[PDB]
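Residues in the sequence shown are numbered from 1 upward in steps of one, following PDB author numbering.
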Amino acid sequence: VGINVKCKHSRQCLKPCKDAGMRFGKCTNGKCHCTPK
């Protein structure tokens, strides 16, 4: 579930999550995490 991209805070993961077509986006486990609507 989600994508496989690095992150530095949290808001920087919303960019690739929203552009990938997912709804949620946050930095977790040192990586970008997204989930469906």
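Beta carbons: idealized from backbone N, C-alpha and C, even for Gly.
For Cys-13, the secondary structure class from DSSP, reduced to helix, strand or coil, is helix. Look at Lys-18 here: in three-state DSSP terms it is helix.
For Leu-14 and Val-1, the gap between their C-alpha atoms comes out near 15 Å.
The residue among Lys-37, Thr-35, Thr-28 with its C-alpha nearest the C-alpha of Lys-8 is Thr-28.
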